[PDB]
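To start, the structure under review is shown below, and the notes come after it.
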Amino acid sequence: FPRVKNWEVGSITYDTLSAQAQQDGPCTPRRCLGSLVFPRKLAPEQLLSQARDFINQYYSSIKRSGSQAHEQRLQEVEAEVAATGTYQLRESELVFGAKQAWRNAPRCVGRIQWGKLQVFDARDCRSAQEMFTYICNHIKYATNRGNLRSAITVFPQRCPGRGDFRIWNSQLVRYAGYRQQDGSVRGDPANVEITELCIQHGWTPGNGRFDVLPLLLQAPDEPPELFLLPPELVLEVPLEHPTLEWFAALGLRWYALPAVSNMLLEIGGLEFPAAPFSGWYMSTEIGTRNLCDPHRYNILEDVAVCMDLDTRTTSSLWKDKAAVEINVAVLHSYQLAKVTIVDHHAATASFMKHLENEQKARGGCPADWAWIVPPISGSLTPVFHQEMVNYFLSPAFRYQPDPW
Amino acid sequence: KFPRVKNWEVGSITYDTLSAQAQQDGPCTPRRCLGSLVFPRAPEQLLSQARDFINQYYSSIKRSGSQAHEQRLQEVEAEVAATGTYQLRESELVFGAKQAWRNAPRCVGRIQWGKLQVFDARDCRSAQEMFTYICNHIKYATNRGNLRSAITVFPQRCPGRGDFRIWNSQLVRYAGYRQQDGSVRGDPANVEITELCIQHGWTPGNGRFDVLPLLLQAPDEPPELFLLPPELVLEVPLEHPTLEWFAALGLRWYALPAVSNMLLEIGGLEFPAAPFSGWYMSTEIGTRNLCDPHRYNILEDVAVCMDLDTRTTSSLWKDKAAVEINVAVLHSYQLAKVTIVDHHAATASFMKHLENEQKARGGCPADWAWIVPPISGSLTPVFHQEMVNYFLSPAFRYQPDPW
Ligand code: HEM
Ligand code: HEM
Ligand SMILES: N=C(Nc1ccc2c(ccn2C2CCNCC2)c1)c1cccs1
Ligand SMILES: N=C(Nc1ccc2c(ccn2C2CCNCC2)c1)c1cccs1
Ligand SMILES: C[C@H](O)[C@H](O)[C@H]1CNc2nc(N)[nH]c(=O)c2N1
Ligand SMILES: C[C@H](O)[C@H](O)[C@H]1CNc2nc(N)[nH]c(=O)c2N1
Ligand SMILES: [Cl-]
Ligand SMILES: [Cl-]
Ligand SMILES: [Gd]
Ligand SMILES: [Gd]
Ligand SMILES: [Zn+2]
């Protein structure tokens, strides 16, 4: 029973939920690998065990298990896998699993929100054109003219027969990355691979630094098909600074809706290789990581030149001053556009509250400190001083191999 | 199956084969990672540890399998058979202290590990002689502001005698006076050691920057109270290059960070008193010691003076004030001609260390959450370096407080 201290307050907690940890993580008594981004590498009896555990949680979570629907659902499933080799979730068990998989996501700082989630059941989907319809309705619903609402759309589960639904893009909205004569990139360097695939599947390239890529949606067995997103569907925010008037002339933009489209959803031994989810941004994701990472847009020095900072020496802290101003610009620009955004201070303070609630509810909360602490001003946020236990519970979102 | 380690800024992949040699167990299991915990924590064990260390020493000077190597192993075997313990040679003691520093997974200053002045105090015999050694350490290492890394090693733990201990966690600390209300004047981190100094006969002050006396414990004897000669404690008053009111806050820090309460372990021998010092990375003073809510907690005061909008988080006043406090710290130390390194230079040199160690040893134990500085994390290159945390020996270790 790990003991966990908050060094800002002195308070002590024990994580009894960790005792119930399932699939093994990457660490051993020999060596800790908690900093690695992708740990490890990416008889229908196992199904029944996983299926049984998920039902018990469910009927506990709706307050009373035992006999009743519990014992009947139990063998409806047991008989369905005997008949089918797989089984079907009820609409409500699907809702519960999606919400739990989010609640169990250790690297998610936004989990105070885990109860408010819109689940869109897309398991009756057959065509990639239907995939595109579900996606565009999700995008419409989630964006809500800038008043962002969490949502997930669940496409058909992986069948032992043949097919898998896949969204090839890592997110629903992504800016292209064009390689040039140099070997450098115009646009987003993280997307040079997916931009190439969209090209070689028909898409006609674009001019500049913020071209929204098309969607490459893959229905079972048939290969992926290009789809362009209607531009009035992709809400974007031009970036301006409240007091540096030249900032807007840098022509920076970002999109409103962060929507992950390439992670696998796992619920009671069932696997949904296509279950896009979306929430809203914490401002340091845009301002610090996406615009300032050396291997992303890498604009920090551009901004520092414009601010007349002394870039000749590291001890002027010009990287830090410029970064704070870029984050200011992101927060200002999103507020101006009335698009939902949260700063890292408000987000981390809410995650603290979430830890407190989860301690009473389940006796702990898997949390991955390296991902919860913001990439700027870490120790100025309260999570920096919070010890955390990281472990894997089910249902869960997981990374999967890319379909190429 | 050695761990595959990626640098995401460059796209680089290495494998940490060194971790396979991890000689002591950490707090993580396959069921749960506890990497974020601050304190995770006879005859034949000693000999196997001694043999590994001797083997390391003879690799370092490229004489493995040599006669001198074979002979030193037999010599150590003989001594622990007769006495239950052995003595390090001076050359081995130097190599061991350097190796413990090289192995310290949370230390971002290890590019310097080979430049370490080792003072041998293993013939020390009283608290008074302990205090003499420490003043000579502080003197040598401070060097009028041109800081030099050093360690003084006091006698090893041995059966039938108490340890030498330094009760203070650092050789220079500011007093923290607990108030009636539950507030603190001075450093809250040092309230407990401050209360122990008073009750051992020290007249307190009332300032925010009162330098504590040393409580030195010789074997089997209550700790003794020593006051450092104020001429020995180099301090730096904090000013801001362009915020002239900053100087009026009356903020100071000391030049020399000298950790005095860890245990140094070499070849199975334990040295409970082996204070070491280098120089500060400025975020430790500016961000942690000055802006932590449980430390001096000046961030809101600085922000209000800066006329920042401290009423909403979305103005980023905390981040703007912290940056300027760090600017002041770097500026004041460069002004006072006292060695200091900023977190960009420190992490860039650490990346060079990692590349050196990959070639030399095939890996390098590194605790990510401590190597990433507490502000501007992803602006530094170590943020994007995956790391493996494991325990090698020789090592510095935390040990229970003597009281
Ligand atoms: C609504 C506001 C939300 C905020 C502010 C937020 C914030 C974040 C952030 C900053 C990360 C770090 C990932 C990275 O930067 O690479 C993350 C990870 C993640 N989020 Fe959230 N998120 C939100 C909603 C959601 C929702 C609605 C879901 C799913 C239904 C979700 C599931 C996840 C998952 C699966 C991860 C990766 C977890 C892991 O690898 O352990 N998040 N989130
Ligand atoms: C010369 C410049 C040096 C710099 C810039 C430096 C920097 C640092 C920093 C910033 C930390 C984190 C401390 C904290 O916030 O808790 C640290 C930890 C540490 N340092 Fe260094 N240090 C230096 C020299 C040394 C020397 C000379 C030694 C020993 C001979 C040493 C051994 C350690 C140890 C044992 C730790 C704690 C490691 C652990 O718990 O794993 N350092 N260092
Ligand atoms: N606020 C968000 N931010 C965010 C951004 C990128 C994310 C995640 C979770 C995985 N990703 C990528 C996937 C590829 N690996 C790097 C991270 C969350 C959200 C996205 C979706 C719902 S909320
Ligand atoms: N640059 C430094 N900074 C620093 C400050 C405090 C440190 C450490 C390592 C342990 N400590 C204390 C031990 C008690 N717990 C708080 C941390 C390093 C150095 C100190 C000595 C040589 S370099
Ligand atoms: C090597 C390191 O683990 C890696 O850069 C991680 C650290 N923390 C992170 N935290 C978030 N939120 N997103 C990330 O991509 C990363 N990357
Ligand atoms: C809970 C958390 O591990 C704790 O506050 C740590 C985080 N990382 C740190 N890193 C360094 N270098 N120094 C510290 O004191 C801490 N504190
Ligand atoms: Cl993103
Ligand atoms: Cl310190
Ligand atoms: Gd200039
Ligand atoms: Gd001024
Ligand atoms: Zn671990």
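In the structure tokens, the first chain shown is A, the next is B, and so on; residue numbers restart at 1 for each chain, and ligands run from 1 in the order shown.
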
Extract, using only C-alpha atoms, all DNA, RNA and protein residues at most 9 Å from residue 368 (chain A), discarding same-chain residues fewer than 4 positions from it, and format them as a list in words.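 The filter keeps residues 34, 105, 106, 107, 108, 372, 373, 388, 389, 390 and 391 of chain A; 33 and 36 of chain B.
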
Selected residues, N, CA, C and O atoms, written as a PDB file, in the first residue's frame, please.
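As written to disk, out.pdb reads:
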```
ATOM      1  N   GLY A  34       9.396   5.046 -16.108  1.00  0.00           N
ATOM      2  CA  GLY A  34       8.244   5.933 -16.135  1.00  0.00           C
ATOM      3  C   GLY A  34       8.388   7.149 -17.036  1.00  0.00           C
ATOM      4  O   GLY A  34       7.383   7.819 -17.312  1.00  0.00           O
ATOM      5  N   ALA A 105      -7.092   7.165 -17.236  1.00  0.00           N
ATOM      6  CA  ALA A 105      -5.963   7.630 -18.045  1.00  0.00           C
ATOM      7  C   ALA A 105      -4.961   8.394 -17.196  1.00  0.00           C
ATOM      8  O   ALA A 105      -5.235   9.542 -16.829  1.00  0.00           O
ATOM      9  N   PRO A 106      -3.788   7.835 -16.901  1.00  0.00           N
ATOM     10  CA  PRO A 106      -2.919   8.456 -15.889  1.00  0.00           C
ATOM     11  C   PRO A 106      -2.288   9.753 -16.352  1.00  0.00           C
ATOM     12  O   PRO A 106      -1.986  10.609 -15.519  1.00  0.00           O
ATOM     13  N   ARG A 107      -2.045   9.911 -17.641  1.00  0.00           N
ATOM     14  CA  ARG A 107      -1.412  11.121 -18.136  1.00  0.00           C
ATOM     15  C   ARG A 107      -2.397  12.252 -18.428  1.00  0.00           C
ATOM     16  O   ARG A 107      -1.981  13.276 -18.969  1.00  0.00           O
ATOM     17  N   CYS A 108      -3.682  12.101 -18.109  1.00  0.00           N
ATOM     18  CA  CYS A 108      -4.653  13.143 -18.423  1.00  0.00           C
ATOM     19  C   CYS A 108      -4.843  14.061 -17.222  1.00  0.00           C
ATOM     20  O   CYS A 108      -5.342  13.629 -16.175  1.00  0.00           O
ATOM     21  N   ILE A 372       1.470  15.053 -15.876  1.00  0.00           N
ATOM     22  CA  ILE A 372       0.547  15.934 -15.173  1.00  0.00           C
ATOM     23  C   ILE A 372       1.168  17.302 -14.928  1.00  0.00           C
ATOM     24  O   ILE A 372       0.478  18.320 -15.002  1.00  0.00           O
ATOM     25  N   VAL A 373       2.461  17.353 -14.614  1.00  0.00           N
ATOM     26  CA  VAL A 373       3.131  18.638 -14.366  1.00  0.00           C
ATOM     27  C   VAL A 373       3.263  19.396 -15.685  1.00  0.00           C
ATOM     28  O   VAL A 373       3.717  18.812 -16.685  1.00  0.00           O
ATOM     29  N   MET A 388       2.849  10.902  -6.690  1.00  0.00           N
ATOM     30  CA  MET A 388       1.838  10.241  -7.488  1.00  0.00           C
ATOM     31  C   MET A 388       2.223   8.785  -7.713  1.00  0.00           C
ATOM     32  O   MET A 388       3.401   8.447  -7.815  1.00  0.00           O
ATOM     33  N   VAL A 389       1.216   7.921  -7.777  1.00  0.00           N
ATOM     34  CA  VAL A 389       1.398   6.519  -8.141  1.00  0.00           C
ATOM     35  C   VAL A 389       0.799   6.310  -9.526  1.00  0.00           C
ATOM     36  O   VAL A 389      -0.323   6.758  -9.801  1.00  0.00           O
ATOM     37  N   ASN A 390       1.541   5.632 -10.393  1.00  0.00           N
ATOM     38  CA  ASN A 390       1.114   5.373 -11.759  1.00  0.00           C
ATOM     39  C   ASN A 390       0.966   3.874 -11.966  1.00  0.00           C
ATOM     40  O   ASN A 390       1.891   3.111 -11.673  1.00  0.00           O
ATOM     41  N   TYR A 391      -0.202   3.463 -12.457  1.00  0.00           N
ATOM     42  CA  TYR A 391      -0.527   2.069 -12.724  1.00  0.00           C
ATOM     43  C   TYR A 391      -1.701   2.042 -13.696  1.00  0.00           C
ATOM     44  O   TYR A 391      -2.373   3.055 -13.907  1.00  0.00           O
TER      45      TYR A 391
ATOM     46  N   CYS B  33       4.411   2.250 -10.720  1.00  0.00           N
ATOM     47  CA  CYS B  33       5.627   3.059 -10.710  1.00  0.00           C
ATOM     48  C   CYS B  33       5.553   4.061  -9.564  1.00  0.00           C
ATOM     49  O   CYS B  33       4.514   4.700  -9.359  1.00  0.00           O
ATOM     50  N   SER B  36       8.039   9.056  -8.732  1.00  0.00           N
ATOM     51  CA  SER B  36       7.883  10.427  -8.259  1.00  0.00           C
ATOM     52  C   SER B  36       8.058  10.585  -6.752  1.00  0.00           C
ATOM     53  O   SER B  36       8.089  11.722  -6.275  1.00  0.00           O
TER      54      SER B  36
END
```

Compute the set of protein, DNA and RNA residues whose minimum atom distance to ligand 5 is at most 7 Å, using only C-alpha atoms and all ligand atoms, and state it as a VMD selection string. (chain A and resid 35 to 37 370 to 372 374 to 375) or (chain B and resid 7 to 8 383 to 387)

Mind listing as a PDB file with N, CA, C and O atoms, in the first residue's frame which residues of chain A are within 7 Å of chain B, counting only C-alpha atoms?
```pdb
ATOM      1  N   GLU A   8       3.807  20.235  -0.233  1.00  0.00           N
ATOM      2  CA  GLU A   8       3.425  21.620   0.015  1.00  0.00           C
ATOM      3  C   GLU A   8       2.650  21.756   1.322  1.00  0.00           C
ATOM      4  O   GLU A   8       2.823  22.748   2.044  1.00  0.00           O
ATOM      5  N   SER A  18      -4.147   1.147  -6.196  1.00  0.00           N
ATOM      6  CA  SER A  18      -3.044   0.554  -6.948  1.00  0.00           C
ATOM      7  C   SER A  18      -2.957  -0.950  -6.749  1.00  0.00           C
ATOM      8  O   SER A  18      -2.468  -1.660  -7.637  1.00  0.00           O
ATOM      9  N   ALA A  21      -4.196  -3.081  -9.543  1.00  0.00           N
ATOM     10  CA  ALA A  21      -3.638  -2.809 -10.862  1.00  0.00           C
ATOM     11  C   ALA A  21      -3.592  -4.069 -11.717  1.00  0.00           C
ATOM     12  O   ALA A  21      -3.257  -5.155 -11.236  1.00  0.00           O
ATOM     13  N   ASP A  24       0.625  -5.162 -16.624  1.00  0.00           N
ATOM     14  CA  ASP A  24       1.873  -4.716 -16.019  1.00  0.00           C
ATOM     15  C   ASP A  24       2.505  -3.545 -16.771  1.00  0.00           C
ATOM     16  O   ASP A  24       2.539  -3.513 -18.004  1.00  0.00           O
ATOM     17  N   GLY A  25       3.045  -2.597 -16.008  1.00  0.00           N
ATOM     18  CA  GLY A  25       3.756  -1.474 -16.570  1.00  0.00           C
ATOM     19  C   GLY A  25       5.204  -1.796 -16.900  1.00  0.00           C
ATOM     20  O   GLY A  25       5.659  -2.940 -16.804  1.00  0.00           O
ATOM     21  N   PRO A  26       5.966  -0.775 -17.288  1.00  0.00           N
ATOM     22  CA  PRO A  26       7.314  -1.026 -17.812  1.00  0.00           C
ATOM     23  C   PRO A  26       8.403  -1.154 -16.752  1.00  0.00           C
ATOM     24  O   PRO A  26       9.503  -1.602 -17.086  1.00  0.00           O
ATOM     25  N   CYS A  27       8.141  -0.801 -15.501  1.00  0.00           N
ATOM     26  CA  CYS A  27       9.188  -0.671 -14.494  1.00  0.00           C
ATOM     27  C   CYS A  27       9.438  -1.991 -13.769  1.00  0.00           C
ATOM     28  O   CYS A  27       8.550  -2.844 -13.660  1.00  0.00           O
ATOM     29  N   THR A  28      10.651  -2.131 -13.242  1.00  0.00           N
ATOM     30  CA  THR A  28      11.044  -3.244 -12.389  1.00  0.00           C
ATOM     31  C   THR A  28      11.789  -2.714 -11.172  1.00  0.00           C
ATOM     32  O   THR A  28      12.176  -1.541 -11.132  1.00  0.00           O
ATOM     33  N   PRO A  29      11.968  -3.547 -10.138  1.00  0.00           N
ATOM     34  CA  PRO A  29      12.811  -3.146  -8.994  1.00  0.00           C
ATOM     35  C   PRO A  29      14.231  -2.777  -9.408  1.00  0.00           C
ATOM     36  O   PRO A  29      14.939  -2.063  -8.687  1.00  0.00           O
ATOM     37  N   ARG A  30      14.650  -3.260 -10.576  1.00  0.00           N
ATOM     38  CA  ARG A  30      15.970  -2.956 -11.112  1.00  0.00           C
ATOM     39  C   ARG A  30      16.060  -1.524 -11.652  1.00  0.00           C
ATOM     40  O   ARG A  30      17.091  -0.859 -11.464  1.00  0.00           O
ATOM     41  N   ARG A  31      14.997  -1.020 -12.302  1.00  0.00           N
ATOM     42  CA  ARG A  31      15.072   0.203 -13.108  1.00  0.00           C
ATOM     43  C   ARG A  31      13.682   0.777 -13.353  1.00  0.00           C
ATOM     44  O   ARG A  31      12.749   0.050 -13.712  1.00  0.00           O
ATOM     45  N   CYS A  32      13.571   2.088 -13.221  1.00  0.00           N
ATOM     46  CA  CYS A  32      12.324   2.791 -13.484  1.00  0.00           C
ATOM     47  C   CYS A  32      12.313   3.355 -14.907  1.00  0.00           C
ATOM     48  O   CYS A  32      13.243   4.057 -15.312  1.00  0.00           O
ATOM     49  N   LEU A  33      11.245   3.053 -15.652  1.00  0.00           N
ATOM     50  CA  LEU A  33      11.066   3.501 -17.029  1.00  0.00           C
ATOM     51  C   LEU A  33       9.859   4.427 -17.196  1.00  0.00           C
ATOM     52  O   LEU A  33       9.343   4.579 -18.314  1.00  0.00           O
ATOM     53  N   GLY A  34       9.396   5.046 -16.108  1.00  0.00           N
ATOM     54  CA  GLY A  34       8.244   5.933 -16.135  1.00  0.00           C
ATOM     55  C   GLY A  34       8.388   7.149 -17.036  1.00  0.00           C
ATOM     56  O   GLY A  34       7.383   7.819 -17.312  1.00  0.00           O
ATOM     57  N   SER A  35       9.593   7.459 -17.497  1.00  0.00           N
ATOM     58  CA  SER A  35       9.742   8.592 -18.396  1.00  0.00           C
ATOM     59  C   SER A  35       9.551   8.222 -19.866  1.00  0.00           C
ATOM     60  O   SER A  35       9.379   9.120 -20.690  1.00  0.00           O
ATOM     61  N   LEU A  36       9.548   6.938 -20.218  1.00  0.00           N
ATOM     62  CA  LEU A  36       9.408   6.552 -21.619  1.00  0.00           C
ATOM     63  C   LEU A  36       7.983   6.787 -22.114  1.00  0.00           C
ATOM     64  O   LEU A  36       7.013   6.476 -21.423  1.00  0.00           O
ATOM     65  N   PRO A 294      11.415  22.231 -30.064  1.00  0.00           N
ATOM     66  CA  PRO A 294      12.416  22.346 -31.138  1.00  0.00           C
ATOM     67  C   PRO A 294      12.034  21.560 -32.371  1.00  0.00           C
ATOM     68  O   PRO A 294      12.431  21.916 -33.486  1.00  0.00           O
ATOM     69  N   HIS A 295      11.257  20.500 -32.198  1.00  0.00           N
ATOM     70  CA  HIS A 295      10.895  19.614 -33.285  1.00  0.00           C
ATOM     71  C   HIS A 295       9.451  19.818 -33.716  1.00  0.00           C
ATOM     72  O   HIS A 295       8.924  19.003 -34.463  1.00  0.00           O
ATOM     73  N   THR A 314      22.292  32.506 -22.644  1.00  0.00           N
ATOM     74  CA  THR A 314      21.217  31.747 -22.011  1.00  0.00           C
ATOM     75  C   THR A 314      20.770  32.372 -20.699  1.00  0.00           C
ATOM     76  O   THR A 314      19.613  32.195 -20.308  1.00  0.00           O
ATOM     77  N   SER A 315      21.652  33.115 -20.010  1.00  0.00           N
ATOM     78  CA  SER A 315      21.320  33.597 -18.671  1.00  0.00           C
ATOM     79  C   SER A 315      20.439  34.845 -18.675  1.00  0.00           C
ATOM     80  O   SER A 315      20.018  35.282 -17.595  1.00  0.00           O
ATOM     81  N   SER A 316      20.134  35.424 -19.842  1.00  0.00           N
ATOM     82  CA  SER A 316      19.064  36.419 -19.887  1.00  0.00           C
ATOM     83  C   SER A 316      17.676  35.795 -19.780  1.00  0.00           C
ATOM     84  O   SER A 316      16.708  36.528 -19.557  1.00  0.00           O
ATOM     85  N   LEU A 317      17.559  34.470 -19.916  1.00  0.00           N
ATOM     86  CA  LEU A 317      16.266  33.775 -19.809  1.00  0.00           C
ATOM     87  C   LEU A 317      15.305  34.248 -20.892  1.00  0.00           C
ATOM     88  O   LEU A 317      14.094  34.328 -20.685  1.00  0.00           O
ATOM     89  N   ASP A 320      12.640  31.802 -21.711  1.00  0.00           N
ATOM     90  CA  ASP A 320      11.530  31.777 -20.765  1.00  0.00           C
ATOM     91  C   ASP A 320      10.602  32.968 -20.955  1.00  0.00           C
ATOM     92  O   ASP A 320       9.380  32.825 -20.859  1.00  0.00           O
ATOM     93  N   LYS A 321      11.161  34.160 -21.166  1.00  0.00           N
ATOM     94  CA  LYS A 321      10.321  35.344 -21.353  1.00  0.00           C
ATOM     95  C   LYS A 321       9.480  35.209 -22.608  1.00  0.00           C
ATOM     96  O   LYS A 321       8.270  35.474 -22.595  1.00  0.00           O
ATOM     97  N   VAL A 324       6.592  32.651 -22.082  1.00  0.00           N
ATOM     98  CA  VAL A 324       5.474  33.129 -21.290  1.00  0.00           C
ATOM     99  C   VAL A 324       4.578  34.008 -22.150  1.00  0.00           C
ATOM    100  O   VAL A 324       3.346  33.912 -22.093  1.00  0.00           O
ATOM    101  N   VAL A 328       0.669  33.634 -23.014  1.00  0.00           N
ATOM    102  CA  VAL A 328      -0.242  34.768 -22.850  1.00  0.00           C
ATOM    103  C   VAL A 328      -1.053  34.972 -24.117  1.00  0.00           C
ATOM    104  O   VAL A 328      -2.278  35.121 -24.077  1.00  0.00           O
ATOM    105  N   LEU A 331      -3.764  32.271 -24.557  1.00  0.00           N
ATOM    106  CA  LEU A 331      -4.891  32.464 -23.652  1.00  0.00           C
ATOM    107  C   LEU A 331      -5.729  33.668 -24.080  1.00  0.00           C
ATOM    108  O   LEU A 331      -6.958  33.584 -24.179  1.00  0.00           O
ATOM    109  N   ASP A 343      -5.889  27.506 -18.514  1.00  0.00           N
ATOM    110  CA  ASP A 343      -4.460  27.658 -18.307  1.00  0.00           C
ATOM    111  C   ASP A 343      -3.948  26.513 -17.440  1.00  0.00           C
ATOM    112  O   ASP A 343      -4.722  25.774 -16.818  1.00  0.00           O
ATOM    113  N   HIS A 345      -2.353  26.702 -14.665  1.00  0.00           N
ATOM    114  CA  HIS A 345      -2.605  26.894 -13.237  1.00  0.00           C
ATOM    115  C   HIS A 345      -3.986  26.375 -12.857  1.00  0.00           C
ATOM    116  O   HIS A 345      -4.124  25.571 -11.926  1.00  0.00           O
ATOM    117  N   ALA A 346      -5.024  26.830 -13.568  1.00  0.00           N
ATOM    118  CA  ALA A 346      -6.373  26.373 -13.273  1.00  0.00           C
ATOM    119  C   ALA A 346      -6.513  24.869 -13.489  1.00  0.00           C
ATOM    120  O   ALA A 346      -7.217  24.190 -12.736  1.00  0.00           O
ATOM    121  N   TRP A 369       3.293  11.498 -13.172  1.00  0.00           N
ATOM    122  CA  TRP A 369       3.709  12.832 -12.750  1.00  0.00           C
ATOM    123  C   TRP A 369       4.348  13.617 -13.887  1.00  0.00           C
ATOM    124  O   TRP A 369       4.165  14.835 -13.986  1.00  0.00           O
ATOM    125  N   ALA A 370       5.118  12.937 -14.741  1.00  0.00           N
ATOM    126  CA  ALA A 370       5.811  13.624 -15.819  1.00  0.00           C
ATOM    127  C   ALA A 370       4.834  14.267 -16.797  1.00  0.00           C
ATOM    128  O   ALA A 370       5.163  15.282 -17.424  1.00  0.00           O
ATOM    129  N   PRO A 375       4.564  21.741 -18.825  1.00  0.00           N
ATOM    130  CA  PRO A 375       5.918  21.949 -19.370  1.00  0.00           C
ATOM    131  C   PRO A 375       6.496  23.352 -19.174  1.00  0.00           C
ATOM    132  O   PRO A 375       7.608  23.606 -19.645  1.00  0.00           O
ATOM    133  N   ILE A 376       5.796  24.274 -18.518  1.00  0.00           N
ATOM    134  CA  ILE A 376       6.397  25.508 -18.023  1.00  0.00           C
ATOM    135  C   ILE A 376       5.846  25.738 -16.629  1.00  0.00           C
ATOM    136  O   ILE A 376       4.741  25.294 -16.301  1.00  0.00           O
ATOM    137  N   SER A 377       6.641  26.416 -15.798  1.00  0.00           N
ATOM    138  CA  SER A 377       6.250  26.797 -14.436  1.00  0.00           C
ATOM    139  C   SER A 377       5.852  25.601 -13.563  1.00  0.00           C
ATOM    140  O   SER A 377       5.029  25.741 -12.652  1.00  0.00           O
ATOM    141  N   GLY A 378       6.438  24.426 -13.818  1.00  0.00           N
ATOM    142  CA  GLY A 378       6.053  23.210 -13.131  1.00  0.00           C
ATOM    143  C   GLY A 378       5.867  23.351 -11.630  1.00  0.00           C
ATOM    144  O   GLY A 378       4.792  23.051 -11.096  1.00  0.00           O
ATOM    145  N   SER A 379       6.895  23.850 -10.947  1.00  0.00           N
ATOM    146  CA  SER A 379       6.847  23.919  -9.494  1.00  0.00           C
ATOM    147  C   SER A 379       5.991  25.052  -8.982  1.00  0.00           C
ATOM    148  O   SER A 379       5.836  25.173  -7.760  1.00  0.00           O
ATOM    149  N   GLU A 387       3.251  13.823  -4.687  1.00  0.00           N
ATOM    150  CA  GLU A 387       3.705  12.503  -5.099  1.00  0.00           C
ATOM    151  C   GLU A 387       2.535  11.780  -5.745  1.00  0.00           C
ATOM    152  O   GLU A 387       1.372  12.038  -5.430  1.00  0.00           O
ATOM    153  N   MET A 388       2.849  10.902  -6.690  1.00  0.00           N
ATOM    154  CA  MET A 388       1.838  10.241  -7.488  1.00  0.00           C
ATOM    155  C   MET A 388       2.223   8.785  -7.713  1.00  0.00           C
ATOM    156  O   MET A 388       3.401   8.447  -7.815  1.00  0.00           O
ATOM    157  N   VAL A 389       1.216   7.921  -7.777  1.00  0.00           N
ATOM    158  CA  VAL A 389       1.398   6.519  -8.141  1.00  0.00           C
ATOM    159  C   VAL A 389       0.799   6.310  -9.526  1.00  0.00           C
ATOM    160  O   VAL A 389      -0.323   6.758  -9.801  1.00  0.00           O
ATOM    161  N   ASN A 390       1.541   5.632 -10.393  1.00  0.00           N
ATOM    162  CA  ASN A 390       1.114   5.373 -11.759  1.00  0.00           C
ATOM    163  C   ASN A 390       0.966   3.874 -11.966  1.00  0.00           C
ATOM    164  O   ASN A 390       1.891   3.111 -11.673  1.00  0.00           O
ATOM    165  N   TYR A 391      -0.202   3.463 -12.457  1.00  0.00           N
ATOM    166  CA  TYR A 391      -0.527   2.069 -12.724  1.00  0.00           C
ATOM    167  C   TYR A 391      -1.701   2.042 -13.696  1.00  0.00           C
ATOM    168  O   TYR A 391      -2.373   3.055 -13.907  1.00  0.00           O
TER     169      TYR A 391
END
```

So which residues are near ligand 4, meaning at most 8 Å away with only C-alpha atoms and all ligand atoms counted, given back as JSON, numbers by chain? {"B": [106, 107, 109, 149, 169, 170, 256, 257, 258, 259, 261, 262, 276, 277, 278, 279, 280, 281, 284]}

I need the helix (DSSP H, G or I) residues of region 29-125 of chain B per DSSP on the backbone, written as a PyMOL selection string. chain B and resi 43-60+67-83+90-103+110-112

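Across B:95, B:350, B:245, B:370, the tightest approach to residue 58 (chain B) is made by B:95 when counting only C-alpha atoms.
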
Measuring between only C-alpha atoms and all ligand atoms, which one of B:162, B:201, B:241, B:402 shows the shortest distance to ligand 10?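 Closest candidate: B:241.
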
Kindly provide, as a count of residues only, all nucleotide and amino acid residues lying within 7 Å of ligand 3, counting only C-alpha atoms and all ligand atoms. 11

Could you give me, as a PyMOL selection string, every polymer residue with an atom at most 8 Å away from an atom of ligand 9, counting only C-alpha atoms and all ligand atoms? chain A and resi 305+308-311

Show me which residues are within 7 Å of ligand 10 counting only C-alpha atoms and all ligand atoms, and format the list as a list in words. residues 242, 243 and 244 of chain B

Do a neighbour search on residue 274 (chain B) at 8 Å with only C-alpha atoms, toss out local chain neighbours closer than 4 positions, and write the hits as a ChimeraX atom specification. /B:151-154,260-264

Shell of 10 Å around residue 228 (chain B), only C-alpha atoms, local chain residues under 5 positions omitted, as a ChimeraX atom specification: /B:131,134-135,138,171-172,211-214,233

Name all residues at most 7 Å from residue 253 (chain A) (count only C-alpha atoms; drop same-chain ones fewer than 4 positions away) and give them as a list in words.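 Using only C-alpha atoms, the neighbours found are residues 236, 237, 238 and 239 of chain A.
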
Using only C-alpha atoms, which of the listed residues (A:74, A:81, A:339, A:128) sits closest to residue 221 (chain A)? A:128

Distance in Å - atom 28 (C, counted along the ligand's line) of ligand 2 versus CA of residue 55 (chain B): 22.7 Å

A:168, A:307, A:363, A:10 ranked by distance to residue 246 (chain A), top pick (using only C-alpha atoms): A:307
